[PDB]
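Inspection log for the structure reproduced underneath, given as structure tokens.
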Amino acid sequence: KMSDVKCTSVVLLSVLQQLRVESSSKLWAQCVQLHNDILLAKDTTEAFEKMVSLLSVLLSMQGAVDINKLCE
Amino acid sequence: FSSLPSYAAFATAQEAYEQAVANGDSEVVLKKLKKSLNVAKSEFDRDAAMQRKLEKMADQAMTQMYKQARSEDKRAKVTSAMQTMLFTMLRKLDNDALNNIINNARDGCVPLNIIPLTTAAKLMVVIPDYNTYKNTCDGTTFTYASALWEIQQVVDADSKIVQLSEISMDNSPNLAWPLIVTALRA
Amino acid sequence: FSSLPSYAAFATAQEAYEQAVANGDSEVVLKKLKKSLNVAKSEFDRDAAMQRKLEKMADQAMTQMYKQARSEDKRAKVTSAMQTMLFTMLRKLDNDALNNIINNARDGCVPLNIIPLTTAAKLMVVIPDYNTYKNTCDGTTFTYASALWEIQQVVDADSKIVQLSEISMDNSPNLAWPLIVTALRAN
Amino acid sequence: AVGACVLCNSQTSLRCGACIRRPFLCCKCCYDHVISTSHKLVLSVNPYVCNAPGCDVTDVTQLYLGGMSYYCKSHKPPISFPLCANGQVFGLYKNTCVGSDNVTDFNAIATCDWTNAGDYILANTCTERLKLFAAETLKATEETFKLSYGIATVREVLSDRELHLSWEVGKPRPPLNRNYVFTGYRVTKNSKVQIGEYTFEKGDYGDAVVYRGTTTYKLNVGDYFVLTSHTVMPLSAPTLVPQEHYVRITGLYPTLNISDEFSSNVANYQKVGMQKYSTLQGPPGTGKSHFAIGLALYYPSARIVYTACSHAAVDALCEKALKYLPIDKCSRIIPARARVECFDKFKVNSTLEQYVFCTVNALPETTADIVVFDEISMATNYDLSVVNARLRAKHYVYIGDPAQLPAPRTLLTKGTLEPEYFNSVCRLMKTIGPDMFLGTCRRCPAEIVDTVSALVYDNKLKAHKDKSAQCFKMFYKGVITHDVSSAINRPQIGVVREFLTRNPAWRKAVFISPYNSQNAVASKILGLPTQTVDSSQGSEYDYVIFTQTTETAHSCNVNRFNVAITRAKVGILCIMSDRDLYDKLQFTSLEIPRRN
RNA sequence: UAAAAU
RNA sequence: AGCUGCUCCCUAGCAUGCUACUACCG
RNA sequence: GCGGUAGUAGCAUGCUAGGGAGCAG
Ligand SMILES: [Zn+2]
Ligand SMILES: [Zn+2]
Ligand SMILES: [Zn+2]
């Protein structure tokens, strides 16, 4: 169950990086630290907190058309 | 290998030797079955060794064109496969804390900064319509990311403050609507 | 494979053999003109398989000298490039300040680490946090390396301009934190 | 080297090479296209020829796959296979192929000549894929036909830019307009290098033609000007994206209290935003165009882009935008071509301006929130695909009227095109119904709206703005001085010569004629700045001067008469050959010596 | 034979 | 964007080696 | 009937050259 969230955080940081988010050093530092801290977690309840904090970065900007990719 | 032209000649030659060895004729006329049969095992094995090499160039062209096609289609679709993979894994994860913000985010209610974790930093989220405002803001508590945030300052697109008691069904049509609610975690 | 001295010999040998097979008179015919594909293919082995290696070795020699020619052109290209670099790099230093410090050397040679210290005309400070900016380049003119430098143009990690009014202490947590202050040497 | 079949969208690698646009076809579809058409060339990963030196057989239906190559039957190897066999051709992904039975319409499009009405009539009733296919192949056919025109060289030098040329005898000479350009090459002995592009203009007398050079290369006697052709880029996005409805307003936030001058448009302003795309059809000179900027400020924060196929249209609506919006407004029209120039406002290079105005062929690839394409009666499916390809936005809005003017479509020479088949969105507006309707005149005199609504429309127009000054002296027109196929008649100009100064206050009218060259005759002996009836259509002025020609099928077109008379404020005149149109005409009859 | 493209 | 070490896989060329069978002589 | 060279086809080894990939400090 924690391996699930670790691989998901890998995919999330890769998407964020593809969206040119490392053009702003503050944001990229925040996301990088959240990612490396998720990968080193050792109890699945902190990982989900930092995952919601990390996904908020993608939900912020409007570059990914969310209503389309949510066709379920 | 079989239906190659010279296989016919070789087959007739060795059938003639079958006939000769069944009849047991002369050995000097048998000099026609190893001066004209061994001429076949080299009239053939040099035309069987020219489809054994064509049959190998075929493979090493097929097995190369295939991967040259895929290995290039794979790199021409990363920004759209990564996202579908991401959301597949997210939906499979099943965590209400993430489903909440994802659904919310569908109906134009996004946040404006990283969701903080401290029991006291700020969160500024957009709210586009009233029917959104009802389901989340009951009085002064804001229900986002499966938590409870105490609402402190609402401010419409006028960039000027709105009073919380001013927001209701009737007087709603007047406010520049996409608002920005600010709150702090419980 | 075609126009060689052996192909025509084989051709006439097998033409005579055609005549002799259409005859079919004696076994001496069979022997003497089976000695006609038995004698005319050795030359068709030699002078029709030998020159099948002549083209081989000529073509490999051709490709080797092709590649040597290209590898001798790329050398010229790279030496031109590095000569251009060497000659454009010195067109930035020939100050009389450099001659001034070299002529005071009691030998003619001076350590390298001091040349940009005493002769450069532009300094660049990289500052991690605000508390360090406070103690170092505070104001619009500061002193370093025993000279007086004056600030102009301040940027940040993202390389976008910043005015010294934003570099306050409560506004410090809102900038990309390694700032790069570039100053000139003012006399 | 792989794609999708044009009919069933399966994986393939075959292209019917004899077709001009080289479209991908699957196995079955390529077999069907080649078993019933003169097109029998195919190209897969490599062309399908007889690979024996000296053979040139190319008919696929008789070729044979040999060893690592395809061979003629005469040059067949001892081991081989036939390519076209069992109702299919051999390509990649053979056993996973889906065969659509649209080969009838596909062959129709592939072998047609675009000369009779049936070709366009079937171009706009097929699936979307075939729609785009027919569009690009039709444009290709036209611009390659343009190559069959004649060539011109020097004859003698007369000045620095008005000289005498020699058209090659026996082949059609191209029309003389500043958008038909020829590149000039000098060929001395020796020396055949480009000297520049040129656009010409027949000046005051023959055979002299004033010209404009791209660079001051001093013209000599041995050069020539050959028309330079253009290429066609294939399309991708459909003509119109599929519709979606909503239950609440999405992406757009309205207002309550700005400029109720756009009063009756509010409920419609909402219906625009609660859909994915909608259309507004309007009789000439009504709330259209007005509606565009009205919705624009009704949604102030909304990014909006405006577009049209005709330059004068986008310019006139940019003017009407300037009349009402913050500036804060740019018209990213054209950097430095379309030599009949345009606006004077801002920028062509920024694309952050909230209001961008341009013409379809020069659109940048931007994001938007609303795209207001204008006058869909003049655009073709090609152009609609161009806009849907370059831009993406949230909503789309199309405004026009199919009863006005269509696209020229030069090569068609028999039959008539009903507006239903002008393109896709005109079809949509007339098949089920403009999903948005607005119809009563604001602009031109009440009486002339009565005239026009009496004829093209069944009568359904009303307005204000009454008299005065309207006249149609049925004027004999003399010598049809026809140098180019565009008509010229200056005895007809003898009426502005009959009314040069006796109009002491009618000084800023606008002159328009159906023919471009007789309008350059208005630019020959000058009365006022003149326009064409095509550079109108979305343009309005106070008083209008108009001249016709003989009763050719050209000028007799009721639609051009509509778009010629309906563009005034309170005065017009019609000088017509006239067998029954002055029996159509609802004004005061005049004569040539009738100056009072 | 009407518009008009890095 | 480093210096090494080991291992698997594919292709090419050459000579050597090996073997079969065919042609010339001894 | 055998010795010698010259061939083709087949086979194994070894060595050079070229490319791809994995691990270790
Ligand atoms: Zn075809
Ligand atoms: Zn198909
Ligand atoms: Zn052939």
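Ordering of the structure tokens sets the chain letters (A, B, ...); residue numbers start at 1 within each chain; ligands are numbered from 1 in the order shown.
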
| Near residue 96 in chain B, counting only C-alpha atoms (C1' of nucleotides), which residues have an atom at most 8 Å away, once you skip same-chain residues fewer than 3 positions from it, shown as a list in words? | residues 99, 100 and 146 of chain B

| task | Identify, with DSSP run on backbone atoms, the residues in chain B assigned to strand (DSSP E), and express the list as a PyMOL selection string. | result | chain B and resi 122-127+137-138+141-142+149-155+161-162+179-185

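Residue-level contacts from chain C to chain F at 10 Å, counting only C-alpha atoms (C1' of nucleotides), read residues 37, 38, 39, 41 and 42 of chain C.
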
Using only C-alpha atoms and all ligand atoms, which residues of chain D come within 9 Å of ligand 2, and what is the closest atom pair for each, with the distance in Å to one decimal? Give it as a Markdown table, sorted by chain and residue number.
| residue | atom | partner | partner_atom_place_in_ligand_line | distance |
| --- | --- | --- | --- | --- |
| D:4 | CA | ligand 2 | 1 (Zn) | 8.1 |
| D:5 | CA | ligand 2 | 1 (Zn) | 4.8 |
| D:6 | CA | ligand 2 | 1 (Zn) | 6.5 |
| D:7 | CA | ligand 2 | 1 (Zn) | 5.1 |
| D:8 | CA | ligand 2 | 1 (Zn) | 4.6 |
| D:9 | CA | ligand 2 | 1 (Zn) | 6.4 |
| D:10 | CA | ligand 2 | 1 (Zn) | 6.2 |
| D:11 | CA | ligand 2 | 1 (Zn) | 8.4 |
| D:12 | CA | ligand 2 | 1 (Zn) | 8.2 |
| D:24 | CA | ligand 2 | 1 (Zn) | 8.5 |
| D:25 | CA | ligand 2 | 1 (Zn) | 5.4 |
| D:26 | CA | ligand 2 | 1 (Zn) | 4.1 |
| D:27 | CA | ligand 2 | 1 (Zn) | 6.4 |
| D:28 | CA | ligand 2 | 1 (Zn) | 5.9 |
| D:29 | CA | ligand 2 | 1 (Zn) | 4.2 |
| D:30 | CA | ligand 2 | 1 (Zn) | 7.0 |
| D:97 | CA | ligand 2 | 1 (Zn) | 6.7 |
| D:98 | CA | ligand 2 | 1 (Zn) | 5.6 |
| D:99 | CA | ligand 2 | 1 (Zn) | 4.7 |
| D:100 | CA | ligand 2 | 1 (Zn) | 5.9 |
| D:101 | CA | ligand 2 | 1 (Zn) | 8.7 |

| task | Let me have all residues with an atom within 7 Å of ligand 1, counting only C-alpha atoms (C1' of nucleotides) and all ligand atoms, laid out as an NGL selection string. | result | :D and (16-19 or 33-34 or 37 or 39-40 or 110)

Filtering to N, CA and C atoms, could you give me those residues as a PDB file, in the first residue's frame?
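So again_17.pdb came out as:
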ATOM      1  N   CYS D  16      -2.311   5.705 -52.296  1.00  0.00           N
ATOM      2  CA  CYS D  16      -2.684   5.550 -53.694  1.00  0.00           C
ATOM      3  C   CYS D  16      -1.943   6.684 -54.385  1.00  0.00           C
ATOM      4  N   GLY D  17      -0.765   6.376 -54.930  1.00  0.00           N
ATOM      5  CA  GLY D  17       0.121   7.425 -55.405  1.00  0.00           C
ATOM      6  C   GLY D  17      -0.439   8.225 -56.564  1.00  0.00           C
ATOM      7  N   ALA D  18      -1.330   7.626 -57.349  1.00  0.00           N
ATOM      8  CA  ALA D  18      -1.871   8.347 -58.493  1.00  0.00           C
ATOM      9  C   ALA D  18      -2.818   9.459 -58.067  1.00  0.00           C
ATOM     10  N   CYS D  19      -3.436   9.337 -56.894  1.00  0.00           N
ATOM     11  CA  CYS D  19      -4.217  10.437 -56.349  1.00  0.00           C
ATOM     12  C   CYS D  19      -3.295  11.582 -55.954  1.00  0.00           C
ATOM     13  N   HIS D  33     -10.175   0.883 -54.226  1.00  0.00           N
ATOM     14  CA  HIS D  33      -9.911   2.092 -54.991  1.00  0.00           C
ATOM     15  C   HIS D  33      -9.162   1.794 -56.279  1.00  0.00           C
ATOM     16  N   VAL D  34      -8.280   0.794 -56.283  1.00  0.00           N
ATOM     17  CA  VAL D  34      -7.481   0.519 -57.472  1.00  0.00           C
ATOM     18  C   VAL D  34      -8.138  -0.472 -58.423  1.00  0.00           C
ATOM     19  N   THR D  37     -10.550   2.194 -60.585  1.00  0.00           N
ATOM     20  CA  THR D  37     -10.089   3.514 -60.978  1.00  0.00           C
ATOM     21  C   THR D  37      -8.830   3.391 -61.823  1.00  0.00           C
ATOM     22  N   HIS D  39      -6.348   4.968 -61.184  1.00  0.00           N
ATOM     23  CA  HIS D  39      -5.263   4.978 -60.216  1.00  0.00           C
ATOM     24  C   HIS D  39      -4.855   3.549 -59.900  1.00  0.00           C
ATOM     25  N   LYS D  40      -3.680   3.146 -60.373  1.00  0.00           N
ATOM     26  CA  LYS D  40      -3.172   1.822 -60.050  1.00  0.00           C
ATOM     27  C   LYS D  40      -1.726   1.858 -59.580  1.00  0.00           C
ATOM     28  N   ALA D 110     -11.956  11.509 -55.696  1.00  0.00           N
ATOM     29  CA  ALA D 110     -10.600  11.329 -56.195  1.00  0.00           C
ATOM     30  C   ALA D 110     -10.489  11.644 -57.680  1.00  0.00           C
TER      31      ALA D 110
END

| request: Find the distance between CA of residue 292 in chain D and CA of residue 369 in chain D and write it in Å to one decimal. | output: 13.7 Å

| request: Please identify every polymer residue within 7 Å of ligand 3, using only C-alpha atoms (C1' of nucleotides) and all ligand atoms, and present the set as a ChimeraX atom specification. | output: /D:50,52,55-57,71-75

| request: Counting only C-alpha atoms (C1' of nucleotides), collect the residues of chain C whose closest atom lies at most 12 Å from chain G, and write them out as a ChimeraX atom specification. | output: /C:41-46,49

Limited to N, CA and C atoms, could you put the picked residues into a file as a compact mmCIF listing (two decimals), in the first residue's frame?
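Done, and the output landed in again01.txt:
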# COMPACT_ATOMS: atom_id res chain seq x y z
N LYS C 41 37.82 -23.29 -67.39
CA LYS C 41 37.43 -22.75 -66.10
C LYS C 41 38.47 -22.40 -65.06
N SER C 42 39.68 -22.96 -65.16
CA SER C 42 40.78 -22.48 -64.33
C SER C 42 41.07 -21.02 -64.62
N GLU C 43 41.15 -20.65 -65.90
CA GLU C 43 41.27 -19.24 -66.24
C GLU C 43 40.02 -18.47 -65.82
N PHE C 44 38.85 -19.11 -65.92
CA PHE C 44 37.63 -18.53 -65.38
C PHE C 44 37.55 -18.64 -63.87
N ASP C 45 38.45 -19.40 -63.24
CA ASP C 45 38.63 -19.29 -61.80
C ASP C 45 39.55 -18.13 -61.47
N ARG C 46 40.74 -18.12 -62.07
CA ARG C 46 41.73 -17.08 -61.80
C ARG C 46 41.22 -15.71 -62.21
N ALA C 49 37.75 -14.66 -60.67
CA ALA C 49 37.64 -14.59 -59.23
C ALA C 49 38.71 -13.71 -58.60

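When only C-alpha atoms are used to compute distances to residue 418 in chain D, the closest of the residues D:505, D:363, D:405, D:333 turns out to be D:405.
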
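In this structure, CA of residue 200 in chain D sits 20.0 Å away from CA of residue 529 in chain D.
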
| task | Tell me which protein, DNA and RNA residues are within 8 Å of range 4-19 of chain A, counting only C-alpha atoms (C1' of nucleotides), leaving out same-chain ones fewer than 6 positions away, and put them as JSON, numbers by chain. | result | {"A": [31, 32, 35, 38, 39, 47, 48, 51, 55, 58, 63], "B": [79, 82, 83, 85, 86, 89, 90, 93]}
